[PDB]
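Asks: Would you mind keeping the following structure in view while I ask a few things?
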Amino acid sequence: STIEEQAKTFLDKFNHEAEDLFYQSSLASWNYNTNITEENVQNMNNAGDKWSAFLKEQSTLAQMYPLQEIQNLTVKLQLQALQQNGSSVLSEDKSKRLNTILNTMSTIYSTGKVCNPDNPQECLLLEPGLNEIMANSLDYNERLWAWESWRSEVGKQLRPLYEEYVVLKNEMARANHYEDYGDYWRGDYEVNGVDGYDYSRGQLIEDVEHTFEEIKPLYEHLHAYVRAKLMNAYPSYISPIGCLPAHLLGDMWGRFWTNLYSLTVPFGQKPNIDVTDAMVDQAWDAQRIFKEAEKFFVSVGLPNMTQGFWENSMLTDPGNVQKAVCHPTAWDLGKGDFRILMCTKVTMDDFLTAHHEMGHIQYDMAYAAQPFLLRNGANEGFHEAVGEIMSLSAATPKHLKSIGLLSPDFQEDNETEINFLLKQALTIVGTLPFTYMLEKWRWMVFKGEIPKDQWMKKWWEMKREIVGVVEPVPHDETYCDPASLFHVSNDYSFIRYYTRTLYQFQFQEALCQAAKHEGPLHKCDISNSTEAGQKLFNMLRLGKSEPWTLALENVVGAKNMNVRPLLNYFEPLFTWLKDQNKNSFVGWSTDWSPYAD
Amino acid sequence: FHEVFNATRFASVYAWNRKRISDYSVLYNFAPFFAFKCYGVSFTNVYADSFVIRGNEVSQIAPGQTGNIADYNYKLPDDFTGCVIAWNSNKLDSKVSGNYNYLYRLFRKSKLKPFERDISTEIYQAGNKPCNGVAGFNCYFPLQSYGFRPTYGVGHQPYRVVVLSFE
Ligand SMILES: *[C@@H]1O[C@H](CO)[C@@H](O[C@@H]2O[C@H](CO)[C@@H](O)[C@H](O)[C@H]2NC(C)=O)[C@H](O)[C@H]1NC(C)=O
Ligand SMILES: *[C@@H]1O[C@H](CO)[C@@H](O[C@@H]2O[C@H](CO)[C@@H](O)[C@H](O)[C@H]2NC(C)=O)[C@H](O)[C@H]1NC(C)=O
Ligand SMILES: *[C@@H]1O[C@H](CO)[C@@H](O[C@@H]2O[C@H](CO)[C@@H](O)[C@H](O)[C@H]2NC(C)=O)[C@H](O)[C@H]1NC(C)=O
Ligand SMILES: *[C@@H]1O[C@H](CO)[C@@H](O[C@@H]2O[C@H](CO)[C@@H](O)[C@H](O)[C@H]2NC(C)=O)[C@H](O)[C@H]1NC(C)=O
Ligand SMILES: *[C@@H]1O[C@H](CO)[C@@H](O[C@@H]2O[C@H](CO)[C@@H](O)[C@H](O)[C@H]2NC(C)=O)[C@H](O)[C@H]1NC(C)=O
Ligand SMILES: *[C@@H]1O[C@H](CO)[C@@H](O[C@@H]2O[C@H](CO)[C@@H](O)[C@H](O)[C@H]2NC(C)=O)[C@H](O)[C@H]1NC(C)=O
Ligand SMILES: *[C@@H]1O[C@H](CO)[C@@H](O)[C@H](O)[C@H]1NC(C)=O
């Protein structure tokens with residue numbers, strides 16, 4: 001009767017009704033995605049609109065329970081997740097304008113195209129044809145043209161829209177007592193009222209800037225090695241003491257260096273492990289892969305599959321006419337209905353995507369007993385980390401040689417492991433400075449520390465001094481280079497990709513200690529050990545019912561993200577790089593530019 | 001027994017049928033019977049109570065259990081001397097687009113005493129101001145429905161339950 005009994009009584013009814021409506025909407029969306037028909041679009045939109053309407057009604061109904069007299073932490077967590085306004089604190093005018101500019105930016109990014117200077121009737125889009133040039137070409141002039149034109153033709157349409165998107169989002173955040181939009185975004189990692197596991201919104205910035213100063217000694221050696229290797233594919237275009245031109249990095253923005261592996265391979269005469277012929281000669285079909293994945297998952301002590309997972313899932317590309325969206329995902333429809341949607345081939349990368357998606361499914365199966373509103377990872381970076389450690393452990397030669405895809409002897413040498421570690425570092429380490437720098441720029445732009453007449457200037461100085469990458473053409477204040485990225489023009493947060501990379505190696509180093517592993521960390525395999533399975537299930541089964549600082553401690557033993565496991569993972573490559581850079585100049589200077597003469 | 005075990009339509013949980021009549025080897029010869037437990041034994045009269053509940057709630061039809069079924073819908077005395085059987089009926093009581101004909105009570109002012117039935121449907125008041133027979137804020141409808149469907153995992157599928165009580 002006090003205030004708490006009424007809250008529990010409200011939350012019961014909400015739980016049941018929301019569960020049912022969400023199942024209906026999710027089944028409609030699955031029916032649309034697995035079998036594309038234009039009546040399925042309406043069948044999905046009806047359920048989506050009715051679910052969103054129910055959600056908004058119950059949200060405006062749950063405001064009448066004051067949060068300052070609820071004493072339970074579960075009830076308070078649910079009520080605080082339900083009471084948030086988000087948008088709709090703005091007028092109808094301003095909300096309409098915000099939705100309009102969001103849709104405009106989305107369609108500008110989706111349907112913008114550039115074309116040739118010598119044939120203006122040859123326009124190419126970004127998706128099929130620009131990031132193919134940026135990925136497969138070795139022509140300096142072609143890469144420079146693509147890089148410059150994408151930014152000068154699409155990047156100039158998004159600046160006047162972004163300049164008011166910033167203001168609208170800022171007042172939307174200030175109306176919810178958040179002091180800016182960046183604080184609203186950081187409000188995901190916040191923990192309150194636990195007296196020992198708390199975590200502030202301004203502490204995330206400090207813990208992100210503190211872990212990055214320990215990665216710099218490895219990123220500098222990787223940068224020096226990559227630069228000394230690029231100085232042989234583009235001679236007279238790279239300076240041996242300067243930064244790297246921004247258009248020579250493998251893709252359009254330099255988010256991943258993984259396409260530079262053909263140029264910077266340590267020992268090109270030792271091929272990497274690739275079990276694809278051994279599968280096709282043994283006639284592995286699209287379901288033996290998933291049987292092996294399920295066997296690996298039950299080997300460590302996790303449950304079997306749901307027995308409804310086999311009939312309702314789509315493990316092969318559909319037939320002649322059932323055109324569907326082929327993108328590997330895991331669906332959690334509710335009421336005990338887990339499915340996987342991927343059009344699998346017989347390859348070695350699908351063999352890893354299987355483990356990734358089934359790790360997602362196991363996570364979703366673990367916390368199926370929590371209330372409806374507490375069914376998610378502890379924060380944004382836990383789900384993909386749990387999915388990634390499985391794909392890490394499932395690709396080691398000790399695993400493939402026991403499954404049967406490798407020869408029973410197969411002596412492995414150190415050159416192959418150097419190749420493997422460099423291929424891993426080109427995509428794991430090469431993306432941390434970029435992510436950190438982009439999110440720092442966005443935080444400072446939303447906070448107001450960068451006036452709107454100094455966006456490009458600050459952007460490129462931060463790119464020079466943090467990432468080590470120089471622009472090939474001067475850019476004035478009529479451009480918008482960040483907005484030419486997907487996550488910026490589509491209003492997505494970018495700090496999850498930073499914390500996930502740290503949680504991943506923390507989890508791996510914590511689970512390899514329970515499986516009694518002795519060698520290097522990049523050879524560890526957690527299969528056939530139930531202690532690792534128990535240690536992981538102790539965390540998977542919590543969901544959002546506990547602060548993330550406690551779920552993280554249940555596995556690792558610490559309360560905040562650490563960066564030592566990543567360096568322990570990359571130690572052999574670090575030693576090799578340090579030995580390879582005896583003559584080069586480790587570091588860069590922030591004054592050289594390709595156009596300075 | 002072939003009329004309380006073969007009934008084409010079973011009763012809801014909150015209004016459960018209780019059949020009394022004036023060959024045990026026949027029920028023992030049938031479908032797998034997912035659950036079959038009798039605690040007191042291996043009579044003056046026999047009672048047959050029958051209903052349809054969810055899967056993961058079949059664990060509550062037993063003496064000395066708590067939940068939303070052994071509290072407000074069906075309570076068995078701790079001195080039970082009958083035998084409870086339960087079997088899956090997914091292919092009968094489940095339909096696409098939901099089978100909303102099976103209901104249960106999840107709001108009640110007091111727990112049930114053993115072998116008591118309660119079919120009244122007045123509005124439950126959670127706060128302190130009277131409700132006057134109309135839903136709204138802190139006033140709720142006490143009877144909710146199972147949205148039974150065929151694409152449900154076990155434990156969320158319909159299960160037909162029959163309790164045979166002996167004196
Ligand atoms: C994929 O969707 C299409 C369109 O909704 C389905 O086509 C019709 O489906 C209804 C529903 O059973 C049938 O009654 C019609 O005979 C179907 N017509 C045609 C021309 O196909 C199609 O059945 C769906 N795919 C599957 C596997 O159910
Ligand atoms: C309010 O908090 C209490 C404890 O602080 C919660 O009690 C737990 O309830 C679950 C399920 O009923 C039990 O499994 C736990 O053992 C209980 N905890 C303890 C310490 O006994 C209660 O669930 C909270 N309220 C709600 C609505 O969840
Ligand atoms: C959500 O928005 C509403 C208005 O858009 C805010 O205003 C309160 O709304 C409640 C519910 O109708 C009223 O009871 C209060 O009188 C309103 N004014 C207040 C609290 O000053 C509401 O505060 C917003 N909630 C949050 C969590 O931001
Ligand atoms: C996990 O352990 C099982 C059992 O110890 C291993 O399976 C056996 O492996 C040996 C050696 O390769 C074979 O001689 C047996 O025939 C296997 N038995 C079965 C039932 O498969 C399995 O190889 C181990 N897996 C890993 C990854 O270490
Ligand atoms: C891989 O291992 C081999 C064998 O240990 C290494 O070859 C030795 O390298 C050291 C380092 O200079 C030399 O002093 C030895 O003379 C080498 N062995 C022979 C037989 O000549 C090799 O250097 C290792 N490679 C890497 C990349 O670590
Ligand atoms: C429950 O009822 C069904 C049908 O109402 C019974 O199925 C019959 O089984 C006999 C035995 O072979 C057949 O000869 C009949 O043809 C079946 N009926 C139909 C309509 O096909 C079933 O045996 C009954 N079970 C019990 C335990 O009474
Ligand atoms: C999982 O299923 C396999 C058959 O698919 C069975 O042999 C095994 O015992 C099952 N394991 C568990 C824990 O249920």
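Ordering of the structure tokens sets the chain letters (A, B, ...); residue numbers start at 1 within each chain; ligands are numbered from 1 in the order shown.
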Can you list, as a VMD selection string, every protein, DNA or RNA residue that comes within 9 Å of range 127-134 of chain B when you count only C-alpha atoms, leaving out same-chain residues fewer than 2 positions away?

Replies: (chain A and resid 1 to 3 5 to 6) or (chain B and resid 122 to 125 136 to 141)

Asks: Tell me, which residues of range 239-412 of chain A carry DSSP strand (DSSP E), written as number ranges by chain?

Replies: A: 244-245, 329-332, 338-341

Asks: Could those residues be written to a file, using N, CA and C atoms, as a short mmCIF file (atom, residue, chain, number, x, y, z; two decimals), in the first residue's frame?

Replies:
```
data_model
loop_
_atom_site.label_atom_id
_atom_site.label_comp_id
_atom_site.auth_asym_id
_atom_site.auth_seq_id
_atom_site.Cartn_x
_atom_site.Cartn_y
_atom_site.Cartn_z
N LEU A 244 50.55 9.64 -42.19
CA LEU A 244 50.10 8.85 -43.32
C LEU A 244 48.97 9.59 -44.03
N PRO A 245 49.00 9.68 -45.36
CA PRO A 245 47.89 10.31 -46.07
C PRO A 245 46.59 9.56 -45.83
N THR A 329 22.00 -12.76 -38.30
CA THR A 329 21.50 -12.19 -37.05
C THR A 329 20.90 -13.30 -36.20
N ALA A 330 20.70 -12.98 -34.93
CA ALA A 330 20.04 -13.86 -33.97
C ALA A 330 18.80 -13.17 -33.43
N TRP A 331 17.68 -13.88 -33.46
CA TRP A 331 16.39 -13.35 -33.06
C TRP A 331 15.91 -14.01 -31.77
N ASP A 332 15.29 -13.20 -30.92
CA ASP A 332 14.90 -13.55 -29.56
C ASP A 332 13.41 -13.27 -29.37
N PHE A 338 13.80 -18.73 -29.92
CA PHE A 338 15.08 -18.24 -30.39
C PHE A 338 15.33 -18.77 -31.80
N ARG A 339 15.80 -17.91 -32.69
CA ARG A 339 16.03 -18.29 -34.07
C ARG A 339 17.31 -17.64 -34.57
N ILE A 340 17.86 -18.18 -35.66
CA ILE A 340 19.04 -17.63 -36.30
C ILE A 340 18.74 -17.45 -37.78
N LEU A 341 19.10 -16.29 -38.31
CA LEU A 341 18.84 -15.94 -39.71
C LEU A 341 20.17 -15.64 -40.38
#
```

Asks: Would you mind listing what lies within 7 Å of range 97-106 of chain A as a PyMOL selection string, with only C-alpha atoms counted and same-chain residues fewer than 5 positions away left out?

Replies: chain A and resi 158+161+165+168+489-490

Asks: Since we have the selection now, will you write its residues out, keeping C-alpha atoms, as an mmCIF file, in the first residue's frame?

Replies:
```cif
data_model
loop_
_atom_site.group_PDB
_atom_site.id
_atom_site.type_symbol
_atom_site.label_atom_id
_atom_site.label_comp_id
_atom_site.auth_asym_id
_atom_site.auth_seq_id
_atom_site.Cartn_x
_atom_site.Cartn_y
_atom_site.Cartn_z
ATOM 1 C CA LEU A 158 25.162 17.366 -44.502
ATOM 2 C CA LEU A 161 21.575 19.808 -41.461
ATOM 3 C CA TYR A 165 20.569 18.662 -35.533
ATOM 4 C CA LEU A 168 17.750 20.351 -31.509
ATOM 5 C CA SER A 489 24.689 10.848 -39.971
ATOM 6 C CA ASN A 490 22.409 8.131 -38.535
#
```

Asks: What do you get as number ranges by chain if you pick all residues at most 9 Å from ligand 4, counting only C-alpha atoms and all ligand atoms?

Replies: A: 296, 299, 398-404, 408, 525-529

Asks: Could you tell me, counting only C-alpha atoms and all ligand atoms, which protein and nucleic acid residues lie no more than 7 Å from ligand 6, written as an NGL selection string?

Replies: :B and (2 or 5-6 or 26-27 or 30)

Asks: Could you list, as a VMD selection string, all protein and nucleic acid residues with an atom at most 7 Å from ligand 5, counting only C-alpha atoms and all ligand atoms?

Replies: chain A and resid 413 to 415 418 576

Asks: Skip residue 21 in chain B itself and residues of its chain fewer than 3 positions away, then list as a PyMOL selection string all residues within 8 Å of it, counting only C-alpha atoms.

Replies: chain B and resi 45-47

Asks: Would you please work out which residue, of B:66, B:87, B:14, B:152, is nearest to ligand 2 when using only C-alpha atoms and all ligand atoms?

Replies: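 Smallest separation from ligand 2 among the options: B:66.
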
Asks: Using only C-alpha atoms and all ligand atoms, find each residue with an atom at most 7 Å away from ligand 2 and format the answer as number ranges by chain.

Replies: A: 8, 72-75

Asks: Can you work out which residues from chain B touch chain A at a cut-off of 12 Å (counting only C-alpha atoms) and hand them back as a PyMOL selection string?

Replies: chain B and resi 54-56+68+96-98+100+105-109+124-129+136-157

Asks: Would you mind listing what lies within 8 Å of residue 566 in chain A as a VMD selection string, with only C-alpha atoms counted and same-chain residues fewer than 4 positions away left out?

Replies: chain A and resid 502 505 to 506 570

Asks: Neighbours of residue 69 in chain A within 9 Å (only C-alpha atoms; same-chain residues fewer than 3 positions away dropped), as a ChimeraX atom specification?

Replies: /A:3-4,65-66

Asks: I need the residues from that last selection saved to file as a PDB file, in the first residue's frame (with N, CA and C atoms), if you can.

Replies:
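Resulting contents of result07.pdb:
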```
ATOM      1  N   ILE A   3       4.058   2.832  -1.471  1.00  0.00           N
ATOM      2  CA  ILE A   3       4.080   3.276  -2.861  1.00  0.00           C
ATOM      3  C   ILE A   3       4.622   2.116  -3.682  1.00  0.00           C
ATOM      4  N   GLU A   4       5.309   1.199  -3.000  1.00  0.00           N
ATOM      5  CA  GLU A   4       6.057   0.148  -3.674  1.00  0.00           C
ATOM      6  C   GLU A   4       5.157  -0.990  -4.127  1.00  0.00           C
ATOM      7  N   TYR A  65       4.348   7.471 -10.354  1.00  0.00           N
ATOM      8  CA  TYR A  65       5.001   6.806  -9.234  1.00  0.00           C
ATOM      9  C   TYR A  65       6.333   7.488  -8.967  1.00  0.00           C
ATOM     10  N   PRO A  66       6.457   8.274  -7.899  1.00  0.00           N
ATOM     11  CA  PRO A  66       7.698   9.026  -7.671  1.00  0.00           C
ATOM     12  C   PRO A  66       8.865   8.094  -7.381  1.00  0.00           C
TER      13      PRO A  66
END
```

Asks: Residues within 9 Å of ligand 7 (only C-alpha atoms and all ligand atoms), as a VMD selection string?

Replies: chain A and resid 291 294 to 295 298 301 to 305 307

Asks: So that I have them on file, write out the residues from the current selection with N, CA and C atoms, as a PDB file, in the first residue's frame.

Replies:
```
ATOM      1  N   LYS A 291      25.721 -27.907 -36.064  1.00  0.00           N
ATOM      2  CA  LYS A 291      25.860 -29.020 -35.131  1.00  0.00           C
ATOM      3  C   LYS A 291      27.201 -28.962 -34.408  1.00  0.00           C
ATOM      4  N   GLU A 294      27.041 -26.102 -31.844  1.00  0.00           N
ATOM      5  CA  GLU A 294      26.281 -26.507 -30.668  1.00  0.00           C
ATOM      6  C   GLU A 294      27.071 -27.487 -29.811  1.00  0.00           C
ATOM      7  N   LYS A 295      27.830 -28.382 -30.447  1.00  0.00           N
ATOM      8  CA  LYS A 295      28.666 -29.308 -29.691  1.00  0.00           C
ATOM      9  C   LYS A 295      29.751 -28.566 -28.920  1.00  0.00           C
ATOM     10  N   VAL A 298      28.009 -26.894 -25.890  1.00  0.00           N
ATOM     11  CA  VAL A 298      27.640 -27.802 -24.808  1.00  0.00           C
ATOM     12  C   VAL A 298      28.877 -28.442 -24.185  1.00  0.00           C
ATOM     13  N   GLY A 301      29.696 -26.716 -20.884  1.00  0.00           N
ATOM     14  CA  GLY A 301      28.677 -26.793 -19.860  1.00  0.00           C
ATOM     15  C   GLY A 301      27.436 -25.961 -20.095  1.00  0.00           C
ATOM     16  N   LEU A 302      27.260 -25.401 -21.282  1.00  0.00           N
ATOM     17  CA  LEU A 302      26.078 -24.611 -21.581  1.00  0.00           C
ATOM     18  C   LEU A 302      24.981 -25.498 -22.158  1.00  0.00           C
ATOM     19  N   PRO A 303      23.721 -25.075 -22.060  1.00  0.00           N
ATOM     20  CA  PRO A 303      22.613 -25.944 -22.474  1.00  0.00           C
ATOM     21  C   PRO A 303      22.609 -26.217 -23.971  1.00  0.00           C
ATOM     22  N   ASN A 304      21.773 -27.184 -24.346  1.00  0.00           N
ATOM     23  CA  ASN A 304      21.555 -27.544 -25.737  1.00  0.00           C
ATOM     24  C   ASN A 304      20.743 -26.459 -26.439  1.00  0.00           C
ATOM     25  N   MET A 305      20.369 -26.728 -27.684  1.00  0.00           N
ATOM     26  CA  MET A 305      19.472 -25.838 -28.400  1.00  0.00           C
ATOM     27  C   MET A 305      18.019 -26.212 -28.120  1.00  0.00           C
ATOM     28  N   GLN A 307      15.286 -27.044 -29.563  1.00  0.00           N
ATOM     29  CA  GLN A 307      14.498 -28.068 -30.253  1.00  0.00           C
ATOM     30  C   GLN A 307      13.397 -27.411 -31.084  1.00  0.00           C
TER      31      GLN A 307
END
```

Asks: I'd like the contact shell of residue 111 in chain A - 12 Å cut-off, only C-alpha atoms, skipping same-chain residues fewer than 6 positions apart - returned as a PyMOL selection string.

Replies: chain A and resi 104-105+123-128+154

Asks: Hey, which residues sit close to ligand 1? Say within 8 Å, counting only C-alpha atoms and all ligand atoms, and write them as a short mmCIF file (atom, residue, chain, number, x, y, z; two decimals) with N, CA and C atoms, in the first residue's frame.

Replies:
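Final output, part_38.cif:
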```cif
data_model
loop_
_atom_site.label_atom_id
_atom_site.label_comp_id
_atom_site.auth_asym_id
_atom_site.auth_seq_id
_atom_site.Cartn_x
_atom_site.Cartn_y
_atom_site.Cartn_z
N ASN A 35 10.91 -13.47 -45.69
CA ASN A 35 10.13 -13.67 -46.91
C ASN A 35 9.59 -12.30 -47.33
N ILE A 36 10.32 -11.63 -48.21
CA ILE A 36 10.02 -10.24 -48.55
C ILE A 36 8.80 -10.20 -49.46
N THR A 37 7.71 -9.62 -48.97
CA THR A 37 6.52 -9.34 -49.74
C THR A 37 5.95 -8.01 -49.26
N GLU A 38 5.35 -7.26 -50.19
CA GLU A 38 4.92 -5.91 -49.88
C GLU A 38 3.62 -5.86 -49.08
N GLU A 39 2.94 -6.99 -48.90
CA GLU A 39 1.88 -7.05 -47.90
C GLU A 39 2.43 -7.38 -46.52
N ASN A 40 3.54 -8.13 -46.48
CA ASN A 40 4.22 -8.37 -45.22
C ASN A 40 4.72 -7.06 -44.61
N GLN A 322 11.87 -16.81 -52.70
CA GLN A 322 11.48 -16.41 -51.35
C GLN A 322 12.38 -15.26 -50.89
#
```

Asks: Using DSSP on the backbone coordinates, identify all residues within chain B classified as helix (DSSP H, G or I); present the result as a PyMOL selection string.

Replies: chain B and resi 24-27+58-60+90-93

Asks: Can I get the selected residues back with C-alpha atoms, as a PDB file, in the first residue's frame?

Replies:
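Generated file (part-v9.pdb):
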```pdb
ATOM      1  CA  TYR B  24      -6.470 -47.742 -13.806  1.00  0.00           C
ATOM      2  CA  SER B  25      -4.586 -49.835 -16.379  1.00  0.00           C
ATOM      3  CA  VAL B  26      -6.094 -47.836 -19.266  1.00  0.00           C
ATOM      4  CA  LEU B  27      -4.757 -44.375 -18.393  1.00  0.00           C
ATOM      5  CA  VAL B  58       3.081 -27.583 -13.906  1.00  0.00           C
ATOM      6  CA  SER B  59       5.681 -27.518 -11.116  1.00  0.00           C
ATOM      7  CA  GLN B  60       3.154 -25.636  -8.954  1.00  0.00           C
ATOM      8  CA  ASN B  90       0.256 -28.086 -28.199  1.00  0.00           C
ATOM      9  CA  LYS B  91      -1.461 -29.470 -31.300  1.00  0.00           C
ATOM     10  CA  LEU B  92      -4.963 -28.979 -29.832  1.00  0.00           C
ATOM     11  CA  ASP B  93      -5.212 -25.941 -27.532  1.00  0.00           C
TER      12      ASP B  93
END
```

Asks: Quick one: contact table of chain A to ligand 3, 7 Å max, nearest atom pair and distance in Å to one decimal per residue, counting only C-alpha atoms and all ligand atoms, chain and number order, as a Markdown table?

Replies:
```
| residue | atom | partner | partner_atom_place_in_ligand_line | distance |
| --- | --- | --- | --- | --- |
| A:60 | CA | ligand 3 | 11 (C) | 6.4 |
| A:63 | CA | ligand 3 | 11 (C) | 5.0 |
| A:64 | CA | ligand 3 | 14 (O) | 5.9 |
| A:83 | CA | ligand 3 | 27 (C) | 5.5 |
| A:84 | CA | ligand 3 | 27 (C) | 4.9 |
| A:85 | CA | ligand 3 | 1 (C) | 4.9 |
| A:88 | CA | ligand 3 | 5 (O) | 6.8 |
| A:89 | CA | ligand 3 | 5 (O) | 4.9 |
| A:176 | CA | ligand 3 | 28 (O) | 4.8 |
```

Asks: Write the residues you've just listed into a file as an mmCIF file, in the first residue's frame, and include N, CA, C and O atoms for each of them.

Replies:
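Okay, part-v8.cif is ready:
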```
data_model
loop_
_atom_site.group_PDB
_atom_site.id
_atom_site.type_symbol
_atom_site.label_atom_id
_atom_site.label_comp_id
_atom_site.auth_asym_id
_atom_site.auth_seq_id
_atom_site.Cartn_x
_atom_site.Cartn_y
_atom_site.Cartn_z
ATOM 1 N N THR A 60 3.604 7.144 -20.324
ATOM 2 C CA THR A 60 2.939 8.297 -19.726
ATOM 3 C C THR A 60 2.061 7.908 -18.544
ATOM 4 O O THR A 60 1.665 8.784 -17.768
ATOM 5 N N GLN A 63 4.418 7.622 -14.991
ATOM 6 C CA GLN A 63 5.020 8.812 -14.402
ATOM 7 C C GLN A 63 4.474 9.118 -13.015
ATOM 8 O O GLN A 63 5.115 9.858 -12.262
ATOM 9 N N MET A 64 3.318 8.569 -12.660
ATOM 10 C CA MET A 64 2.658 8.902 -11.406
ATOM 11 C C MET A 64 3.196 8.120 -10.216
ATOM 12 O O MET A 64 2.553 8.108 -9.162
ATOM 13 N N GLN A 83 10.150 5.312 -17.207
ATOM 14 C CA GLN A 83 9.708 6.686 -17.006
ATOM 15 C C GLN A 83 10.388 7.687 -17.925
ATOM 16 O O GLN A 83 9.910 8.820 -18.031
ATOM 17 N N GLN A 84 11.486 7.311 -18.576
ATOM 18 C CA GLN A 84 12.258 8.276 -19.345
ATOM 19 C C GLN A 84 11.440 8.806 -20.513
ATOM 20 O O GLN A 84 10.725 8.054 -21.182
ATOM 21 N N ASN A 85 11.540 10.114 -20.750
ATOM 22 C CA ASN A 85 10.793 10.737 -21.835
ATOM 23 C C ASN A 85 11.502 10.566 -23.170
ATOM 24 O O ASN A 85 10.856 10.300 -24.189
ATOM 25 N N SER A 88 9.834 13.898 -27.361
ATOM 26 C CA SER A 88 8.467 14.280 -27.017
ATOM 27 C C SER A 88 8.404 15.283 -25.872
ATOM 28 O O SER A 88 7.302 15.684 -25.481
ATOM 29 N N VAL A 89 9.540 15.698 -25.311
ATOM 30 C CA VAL A 89 9.537 16.866 -24.441
ATOM 31 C C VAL A 89 9.612 18.147 -25.254
ATOM 32 O O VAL A 89 9.381 19.236 -24.715
ATOM 33 N N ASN A 176 15.573 17.157 -20.381
ATOM 34 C CA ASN A 176 15.537 15.964 -19.545
ATOM 35 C C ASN A 176 16.581 16.004 -18.434
ATOM 36 O O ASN A 176 16.920 14.959 -17.873
#
```

Asks: Would you mind reading off the distance between CA of residue 87 in chain A and CA of residue 54 in chain A, one decimal, in Å?

Replies: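 Pair CA of residue 87 in chain A / CA of residue 54 in chain A returns 16.3 Å.
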
Asks: Could you tell me which of A:162, A:189, A:343, A:179 comes closest to residue 324 in chain A if we count only C-alpha atoms?

Replies: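 Of the candidates, the smallest distance to residue 324 in chain A is held by A:343.
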